[PDB]
Structures are given as C-alpha cells and as structure tokens.
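Per chain, numbering begins at 1; letters A, B, ... match sequence-line order. Only this structure's heavy atoms are used, side chains among them; waters, hydrogens and symmetry mates stay out.
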Amino acid sequence: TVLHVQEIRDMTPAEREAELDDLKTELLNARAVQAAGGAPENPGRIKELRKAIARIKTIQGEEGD
Amino acid sequence: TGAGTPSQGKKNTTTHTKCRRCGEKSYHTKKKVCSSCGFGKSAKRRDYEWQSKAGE
Amino acid sequence: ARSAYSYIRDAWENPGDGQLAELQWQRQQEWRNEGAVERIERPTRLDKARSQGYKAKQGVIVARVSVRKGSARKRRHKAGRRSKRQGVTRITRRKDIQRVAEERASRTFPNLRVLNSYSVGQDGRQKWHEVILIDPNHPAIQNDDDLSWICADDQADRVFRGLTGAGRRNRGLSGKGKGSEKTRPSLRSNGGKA
Amino acid sequence: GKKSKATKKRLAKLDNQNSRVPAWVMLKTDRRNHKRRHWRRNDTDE
Amino acid sequence: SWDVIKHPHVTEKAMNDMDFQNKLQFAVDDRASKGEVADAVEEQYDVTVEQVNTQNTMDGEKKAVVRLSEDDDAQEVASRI
RNA sequence: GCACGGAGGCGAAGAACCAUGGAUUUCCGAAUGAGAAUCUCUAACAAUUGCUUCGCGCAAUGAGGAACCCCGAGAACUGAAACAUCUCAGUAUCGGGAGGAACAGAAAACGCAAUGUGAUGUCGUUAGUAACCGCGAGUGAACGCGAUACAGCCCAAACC
RNA sequence: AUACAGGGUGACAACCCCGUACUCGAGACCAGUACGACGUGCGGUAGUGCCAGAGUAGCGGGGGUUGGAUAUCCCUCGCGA
RNA sequence: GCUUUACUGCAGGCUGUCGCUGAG
Ligand SMILES: [Cl-]
Ligand SMILES: [Cl-]
Ligand SMILES: [K+]
Ligand SMILES: [Mg+2]
Ligand SMILES: [Mg+2]
Ligand SMILES: [Mg+2]
Ligand SMILES: [Mg+2]
Ligand SMILES: [Mg+2]
Ligand SMILES: [Mg+2]
Ligand SMILES: [Mg+2]
Ligand SMILES: [Mg+2]
Ligand SMILES: [Mg+2]
Ligand SMILES: [Mg+2]
Ligand code: NA
Ligand code: NA
Ligand code: NA
Ligand code: NA
Ligand code: NA
Ligand code: NA
Ligand code: NA
Ligand code: NA
Ligand code: NA
Ligand code: NA
Ligand code: NA
Ligand code: NA
Ligand SMILES: [Sr+2]
Ligand SMILES: [Sr+2]
Ligand SMILES: [Sr+2]
Ligand SMILES: [Sr+2]
Ligand SMILES: [Sr+2]
Ligand SMILES: [Sr+2]
Ligand SMILES: [Sr+2]
Ligand SMILES: [Sr+2]
Ligand SMILES: [Sr+2]
Ligand SMILES: [Sr+2]
C-alpha cells in the first residue's frame with residue numbers, strides 16, 4: 001500500500017537496503033508488541049510490511065541490487 | 001509364563017521409527033531399513049505388483 | 001588385392017591352429033589374471049571390429065569381458081513342484097553368454113551404449129568377448145554420419161532391451177519367414193512362446 | 001527416553017495440532033477437531 | 001536468509017529476569033548459536049551482551065536468555081519496544 | 001481461499017480474479033563432502049564412466065511416472081471328474097530397461113509353383129483349418145486375401 | 001428464433017440471468033511434416049576368378065520351448081565349410 | 001505332517017568319456 005513499486009524502483013540500491021533494514025525493524029517491533037499481547041496494533045500493516053519487504057527484495061534482484 | 005498378557009509387559013524396545021525418506025513410521029532403527037519405502041536398502045522406491053489386485 | 005584385414009579374419013577362422021594358436025595360449029594367461037571387464041586401447045580382431053562399426057575415433061571404446069562357461073546356475077525348488085518343474089542340472093538360460101557379456105560391459109560404462117561385440121575365444125572354464133561401446137555425448141560422434149544414429153534417446157540402454165545384433169539373433173529375429181511366427185515383432189507381443 | 005532435536009520438533013508440532021477449532025471458525029462456518037489426540041488414550045509415531 | 005531474532009519472549013518469568021538480573025529473553029531461530037544470538041542482540045539494540053543461555057522449546061522454537069552488561073539496563077531496553 | 005466471525009486493511013497509483021513469462025523456493029529425499037529416524041560434523045559431481053587442457057576442467061549415468069512397451073526370471077491352486085506328460089500359463093509374481101508410444105523393418109523372404117507376390121506393424125479373414133496331444137482332456141499357427149498406413153536407405157571391403 | 005441444448009432465478013422460463021445458433025479470435029497437436037529451393041549426381045556397354053561380415057553355415061550329445069509334426073525358436077557341451 | 005525294498009522324479013556322491021590339454 002503506502003509503499004508502491006515505482007517509488008521502490010526510483011530508490012538507489014543503497015536506498016532499498018536502508019529502506020529494507022527500516023521495514024524489517026518496524027516489523028520486528030510489531031511482532032514484539034504482538035508477543036507482549038499489545039493491543040495498539042493495526043493488523044493491516046503487520047501484513048503490509050511483509051509484502052513491502054518481498055517487493056524490495058524482488059526489485060533488488062531485478063535491478064541487480 | 002504365558003505368551004499373552006504377561007509377555008506383553010516386556011515390550012519397551014524401539015524398532016520402527018519415522019522414516020527420513022517417506023515419512024512413515026517404518027524405519028527400523030536397528031536395521032536402519034524402512035519396511036515401507038525401502039530406504040537404507042535400495043535407492044529405488046519399494047514397490048510390488050501384489051500391493052493391488054492383479055488386473056488393477 | 002586382399003586387404004590386410006582379411007588376414008586377421010582368416011587367422012581367426014581357426015583360432016586353434018597356426019600362430020594364432022600360440023598367441024591365445026600366451027594371452028589367456030594374462031586374461032585369466034585380469035578383471036571381469038577390462039578396457040583395451042585396440043580391438044584384438046580389427047577386421048571384425050571395423051566390420052561391426054568400429055572406428056579409430058574419440059568416443060569409441062572397446063572392452064574385453066569374461067564370463068563363466070556352462071549352463072544355468074540355478075537354485076533347486078524350495079516349494080512343491082511337479083517332476084517337470086523340478087529340473088535343476090540340465091536347464092540352461094535363454095540368453096547366450098555373449099549377451100550376458102554385453103550387459104556387464106555396458107553396466108561398467110553407464111554413459112556408453114553397446115554397438116556390437118564379438119568372440120575372442122575361451123578356455124575350459126570361461127569365455128571372452130570384446131564389446132564396442134560408443135559415447136553418445138561426445139561431439140566427434142554426434143557428428144559422425146555412420147554412428148550419430150546411436151545418439152538418439154530411444155537408443156539409451158539399447159543392450160538391456162535386446163536391441164543389439166546378438167540381442168536380435170538370440171530373440172530368433174534372423175528369419176523373415178518360416179520360423180519367426182512367434183519372434184517378430186517381439187517375444188513378448190507373441191505371449192513369450194518363441 | 002532421550003529425544004533428539006528433530007524428534008522434539010515433531011513432538012511439539014503434535015502438541016500444537018492438539019488444540020481446538022477456534023470459536024470464530026464456528027460462527028463463520030455457522031457450525032470438531034477430528035485429530036484430537038490424548039497422551040494416554042493414543043499413541044503418536046516413532 | 002533467515003533472521004536470528006524472532007521476537008521478545010514476554011512472560012512473568014521473563015520480566016523477573018529483566019528486573020532482577022538484567023536479562024532479556026528472546027524467541028530466536030533454532031539454527032542460531034549462542035554467539036550469533038549475542039551479536040544480533042548487540043547490533044539490534046546497541047547494548048553489550050555478557051552471557052547467553054539457550055533452550056530448544058517444546059514449541060519447536062529456541063528460547064534465549066541474554067544477560068546484558070551492567071552498563072546497560074534491560075528494563076529500559078525492552079521498554080522501548 | 002475452503003469458511004456466512006470479530007477487528008482491521010487493500011483497491012481509480014485500476015486491487016481482486018485469469019493467461020503467459022519471471023522472482024523467491026527451508027530440511028529430508030536418486031540425494032552426490034562425511035555421517036544421521038528430516039539432524040549434525042569438517043570444502044566436496046559421492047560412485048561408475050567418456051573426453052581430457054590429466055585439473056572434476058568439460059560431460060554422462062543414478063530416481064520418478066496410471067498403465068501401455070522391450071529384455072530377462074518364472075509358480076501353484078485348477079482342468080484332465082484320481083494323476084505323473086499335458087493343463088492352468090509363459091498367466092501371477094520377481095530382476096533389468098526405453099519412449100510418448102515401444103518393438104519390428106527393406107528378403108540368404110514367399111512357394112495361392114508362378115510368364116506370380118515384393119520391408120514392417122496392426123485390423124478383418126484365412127480357422128478352431130494345418131500341426132500338436134496318456135492321439136485323452138485340451139493346445140493351435142502360417143502363406144494368401146480385404147483393409148489401415150506406406151519409404152526407403154547407411155556401413156565393412158575392393159580402388160584411393 | 002441460423003438461438004425450442006443445458007443451468008440459474010422464492011413453483012412447469014426460448015423471450016428475467018448465464019448460456020445456446022451464427023460469426024470471429026488465440027493456443028496446442030498435425031509438423032520442422034508436406035510443398036519449395038541448395039548442393040550431390042541417376043543409368044548403360046565391354047573386359048577383369050579385384051571386393052562382398054566364421055567358431056559363422058552346417059553336423060552331433062544334453063536341455064528348454066513351440067502348432068512346428070523327420071519339417072519351430074533358443075540355450076548349452078563338442079565338432080566345423 | 002510322517003514312513004518305506006509303493007509309483008514317478010529331483011538334488012547329491014562314485015565312475016567312464018569329451019573339452020580345458022602341451023612335448024617326447
Ligand atoms: Cl547399451
Ligand atoms: Cl504371393
Ligand atoms: K500341475
Ligand atoms: Mg560415406
Ligand atoms: Mg507390437
Ligand atoms: Mg498447552
Ligand atoms: Mg543446553
Ligand atoms: Mg548428506
Ligand atoms: Mg484333476
Ligand atoms: Mg508347456
Ligand atoms: Mg483320463
Ligand atoms: Mg499354449
Ligand atoms: Mg507360410
Ligand atoms: Na551403459
Ligand atoms: Na501414549
Ligand atoms: Na513464536
Ligand atoms: Na515455486
Ligand atoms: Na553428474
Ligand atoms: Na577430472
Ligand atoms: Na477332478
Ligand atoms: Na487328488
Ligand atoms: Na500330452
Ligand atoms: Na487370390
Ligand atoms: Na519355442
Ligand atoms: Na545343440
Ligand atoms: Sr519353562
Ligand atoms: Sr504372570
Ligand atoms: Sr524389554
Ligand atoms: Sr543396505
Ligand atoms: Sr517394484
Ligand atoms: Sr538408464
Ligand atoms: Sr495403556
Ligand atoms: Sr507452549
Ligand atoms: Sr509399400
Ligand atoms: Sr554380405
């Protein structure tokens with residue numbers, strides 16, 4: 001959602017990686033909040049983060065990094 | 001000592017276990033041979049025409 | 001004029017006479033000490049080899065194979081049988097020794113395909129045959145007008161299905177008329193009565 | 001007994017499968033865990 | 001490529017280890033070693049790991065008990081996630 | 001998604017869904033660095049081969065598939081109102097192997113004997129005929145003919 | 001209505017919805033086949049005993065198998081143009 | 001299933017012969 005394919009392709013290789021580490025973190029912290037039985041969730045994002053990561057990873061392989 | 005109930009109490013040996021190759025609990029851990037898929041005995045998979053009716 | 005080859009041929013019509021006799025007596029001493037399947041750089045019977053399709057080229061291999069002489073090596077019946085199916089001593093197998101030889105050779109060279117084979121004698125307890133095998137994956141052969149045919153997929157493991165010359169003879173396929181009613185096109189399609 | 005790491009993973013999985021069909025699946029399908037196993041009444045593999 | 005840290009293991013026993021022994025507990029990939037758990041933890045929360053004890057759980061996962069140096073404060077770390 | 005929930009989210013930046021192509025594709029598995037009940041230990045075409053720059057450098061094999069197909073191994077119950085030859089039957093089952101189909105195949109054929117036919121399968125027929133057989137029970141073709149489809153070539157040697 | 005096949009829709013539906021007839025498009029198979037074209041070069045006379053596949057053809061002992069009977073096919077031992 | 005100088009066969013052992021197998 002929030003992150004589209006165009007935007008991802010417009011990022012430089014170094015940006016995708018930084019963007020990747022960032023997404024992985026938001027996710028890790030979401031799984032932490034979830035593990036802590038945290039309610040301030042947004043079930044949509046925890047799902048979106050996974051897709052976003054798969055997208056960047058797909059784009060990274062497509063562009064050669 | 002009877003061959004029935006009293007002799008059943010001595011059974012605590014583990015022989016057949018889940019097979020790495022086929023997933024069936026047929027891997028004889030003492031023989032290291034699967035009685036179901038043949039693992040440990042043959043590269044080819046264990047099979048026989050008598051596992052079904054002759055004309056089928 | 002006569003080819004030099006005809007002289008090898010002529011020598012082998014009487015392997016028990018002349019110089020060939022002394023050669024065999026000498027050779028066999030060495031053969032008896034070799035394995036079951038020994039690769040050899042050159043055919044012992046050149047004329048025969050070339051005649052069967054051999055060529056001095058990359059991808060062409062020749063191997064001498066030895067097999068025990070005699071009939072079947074069968075185990076007597078452990079369960080009830082009628083007198084007829086109790087035989088053990090005089091029962092022979094349906095494949096000749098040359099065919100058994102071709103198969104062992106082909107097992108030794110899994111990637112090669114049997115082209116043909118011929119006899120190189122025997123002693124009182126075994127027989128030797130040399131087998132010509134071809135590398136269907138070598139370009140020197142993929143480009144040979146006389147041998148590239150053996151590169152086709154359906155030629156894979158041809159020996160194991162009786163597609164060899166020795167195979168075809170042994171299957172009673174020589175005759176095109178009388179006598180081949182139950183051999184052609186296959187022993188199996190004819191109910192195995194040939 | 002002594003369980004290997006793998007044996008242990010399988011045992012764990014079996015334990016997890018031994019849970020009930022979530023209540024919401026009931027409403028959604030508008031009306032059983034056929035694989036419910038008991039440690040005593042049943043026998044697992046291996 | 002599998003990650004080392006799966007998520008914080010938050011339970012009554014975990015908190016005690018956090019308040020009383022300056023230890024953090026994590027659910028981690030069972031292929032990870034004690035050393036790989038230490039490194040990953042230091043890099044993720046910028047802390048110093050002193051010791052790591054592991055256990056392959058009956059949930060099919062690996063649990064790690066990570067003690068931080070006296071320089072760091074578990075209570076404060078875990079409290080920012 | 002099956003699946004009619006709750007919450008929340010995605011979609012006009014055209015999602016869902018469908019077709020084609022691509023990406024990702026854990027471990028065990030022929031399973032191939034060594035070992036192991038799907039894990040572990042210290043760079044790997046393990047093993048067998050061909051070629052070879054003689055270095056795993058380049059390659060092949062392995063296992064699977066409903067049956068079909070080809071090559072080998074090969075019963076007994078049963079029938080004969082017993083039973084041994086015979087029968088059941090080259091069946092069941094076993095070993096090996098290929099393909100999309102296999103196998104066969106351009107005559108040292110046939111032998112309606114001819115001034116005739118003209119690679120090979122297969123189908124119909126020839127025919128339960130010829131032949132076999134405690135001449136018992138039973139077993140059982142072919143040439144030809146009508147069809148289907150058609151297709152004919154390459155070596156060895158001579159001479160170079 | 002070149003559509004009265006079938007299904008769905010709160011009951012017996014050509015005309016409510018999907019379809020159905022007609023027409024049209026793509027993929028797969030036929031097939032890298034047929035056709036076409038490139039190259040090669042068919043055939044005939046006379047002379048010449050230059051060449052033409054051996055444990056073979058064939059025979060005998062022992063087995064199996066076959067409708068194969070003296071006249072099937074094969075294996076095995078021995079002999080052998 | 002068992003027995004034996006029941007019927008018929010089959011392994012196995014003994015023995016001759018041929019091949020392996022040559023020179024004087
Ligand atoms: Cl072969
Ligand atoms: Cl005719
Ligand atoms: K019988
Ligand atoms: Mg030529
Ligand atoms: Mg056929
Ligand atoms: Mg529980
Ligand atoms: Mg421990
Ligand atoms: Mg391994
Ligand atoms: Mg009877
Ligand atoms: Mg019979
Ligand atoms: Mg009678
Ligand atoms: Mg019959
Ligand atoms: Mg005839
Ligand atoms: Na081979
Ligand atoms: Na139990
Ligand atoms: Na978890
Ligand atoms: Na996939
Ligand atoms: Na390989
Ligand atoms: Na090498
Ligand atoms: Na009867
Ligand atoms: Na009787
Ligand atoms: Na009879
Ligand atoms: Na006629
Ligand atoms: Na026969
Ligand atoms: Na004979
Ligand atoms: Sr007693
Ligand atoms: Sr008792
Ligand atoms: Sr015991
Ligand atoms: Sr084994
Ligand atoms: Sr099988
Ligand atoms: Sr093969
Ligand atoms: Sr009990
Ligand atoms: Sr638990
Ligand atoms: Sr024709
Ligand atoms: Sr000829």
Between C/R32 and C/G87, name the one whose nearest nucleotide on RNA chain H is closer to the 5' end.
->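 Final value for this comparison: C/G87.
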Let me know, please, whether C/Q28 or C/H77 comes out on the 5' side of the other along RNA chain H by nearest nucleotide.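 It is C/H77 whose nearest nucleotide is closer to the 5' end.
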Indicate, with a heavy-atom threshold strictly under 4.0 Å, whether [X] touches base, sugar-phosphate, or nothing.
| X | answer |
| --- | --- |
| C/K84 | sugar-phosphate |
| D/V25 | base |
| C/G124 | base |
| C/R2 | sugar-phosphate |
| C/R75 | nothing |
| A/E7 | base |

Basic-acidic side-chain contact under 4.0 Å: [X], [Y]:
| X | Y | value |
| --- | --- | --- |
| A/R16 | A/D65 | no |
| E/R31 | E/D29 | yes |
| E/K6 | E/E61 | yes |
| C/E130 | C/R64 | yes |
| C/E103 | C/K95 | yes |

Work out how far the [atom1] atom of [N] is from that of [M], and round it to whole angstrom.
| N | M | atom1 | value |
| --- | --- | --- | --- |
| F/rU93 | F/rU38 | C1' | 34 Å |
| F/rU87 | F/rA80 | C1' | 7 Å |
| F/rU32 | F/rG21 | P | 33 Å |
| G/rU72 | F/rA141 | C1' | 11 Å |
| G/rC29 | G/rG10 | P | 46 Å |
| G/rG49 | G/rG43 | P | 25 Å |
| F/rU139 | F/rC133 | P | 16 Å |
| F/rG79 | F/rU91 | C1' | 15 Å |

Please indicate yes or no: do [N] and [M] satisfy both the under-5.5 Å centre distance and the under-30° plane angle for their six-membered base rings?
| N | M | value |
| --- | --- | --- |
| F/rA75 | F/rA76 | yes |
| F/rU115 | F/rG116 | no |
| G/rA11 | G/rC12 | no |

Tell me whether the side-chain N/O atoms of [X] come closer than 4.0 Å to OP1 or OP2 in [N].
| X | N | answer |
| --- | --- | --- |
| C/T89 | H/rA11 | yes |
| C/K78 | F/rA75 | no |
| C/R50 | F/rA157 | yes |
| C/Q58 | F/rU52 | yes |
| C/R171 | F/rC71 | yes |
| B/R21 | F/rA30 | yes |
| C/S3 | F/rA157 | no |
| C/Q52 | G/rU56 | no |
| C/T183 | G/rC73 | no |
| C/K48 | G/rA54 | yes |
| C/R9 | F/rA157 | no |
| C/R184 | F/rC103 | no |
| C/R39 | F/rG50 | yes |
| C/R93 | G/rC75 | no |

What's the base orientation of [N]: syn (chi within 90° of 0) or anti?
| N | value |
| --- | --- |
| G/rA11 | syn |
| F/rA23 | anti |
| F/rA12 | syn |

Whole angstroms only, please: what is the [atom1]-[atom2] distance between [X] and [N]?
| X | N | atom1 | atom2 | result |
| --- | --- | --- | --- | --- |
| C/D153 | F/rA102 | CG | P | 11 Å |
| C/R158 | F/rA98 | CZ | P | 14 Å |
| C/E181 | G/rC73 | CD | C1' | 9 Å |
| C/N111 | F/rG62 | CG | P | 11 Å |

Spell out yes or no: do the side chain of [X] and the base of [N] have one donor N/O and one acceptor N/O closer than 3.5 Å?
| X | N | value |
| --- | --- | --- |
| C/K176 | F/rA107 | yes |
| C/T92 | G/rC75 | yes |
| C/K182 | G/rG67 | yes |
| C/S51 | G/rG53 | yes |
| B/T29 | F/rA37 | yes |
| C/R107 | F/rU61 | no |
| C/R76 | H/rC10 | yes |
| C/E103 | F/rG72 | no |

(Q) I need the C/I61 CD1 to C/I40 CD1 distance, nearest 0.5 Å. (A)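 So the gap between those two atoms works out to 11.5 Å.
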### Message
Quick check: closest heavy atoms across C/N116 and C/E102, and the distance to 0.1 Å?
### Response
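Scanning both residues completely, I find the closest heavy atoms to be C-OE2, 4.0 Å.
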Any idea which of [options] is nearest the [X] side chain?
| X | options | value |
| --- | --- | --- |
| C/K193 | G/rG64, F/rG64, F/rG140 | F/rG140 |
| B/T14 | F/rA37, H/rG9, G/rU66 | F/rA37 |
| C/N14 | G/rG64, F/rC39, G/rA81 | G/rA81 |
| C/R188 | F/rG105, F/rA98, F/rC69 | F/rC69 |

message: Go through it in stages, so that I can follow the logic: the residues are B/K18 and D/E46, the test is salt bridge (charged side-chain N to carboxylate O under 4.0 Å, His left out), and I'd like the CA-CA distance, side-chain angles, deciding distance and then a yes or no.
response: CA-CA 5 Å; B/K18 200 158 193 186; D/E46 300 165 56; 5.4 Å; no
Check your understanding: Applying the side chain to side chain contact (heavy atoms under 4.5 Å, CB included) test to C/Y54, which of C/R45, C/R42, C/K48 qualifies?
Key ->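 Among C/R45, C/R42, C/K48, the one that satisfies the side chain to side chain contact (heavy atoms under 4.5 Å, CB included) with C/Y54 is C/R42.
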Quiz item: Would you call the rings of B/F39 and B/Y27 parallel, tilted or perpendicular, where under 30° means parallel and over 60° means perpendicular?
Solution: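 Correct class here is tilted.
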Report the base-pairing partner of F/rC145 (Watson-Crick or G-U wobble, both distances below 3.5 angstrom), or none.
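Pair assignment: F/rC145 / F/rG124.
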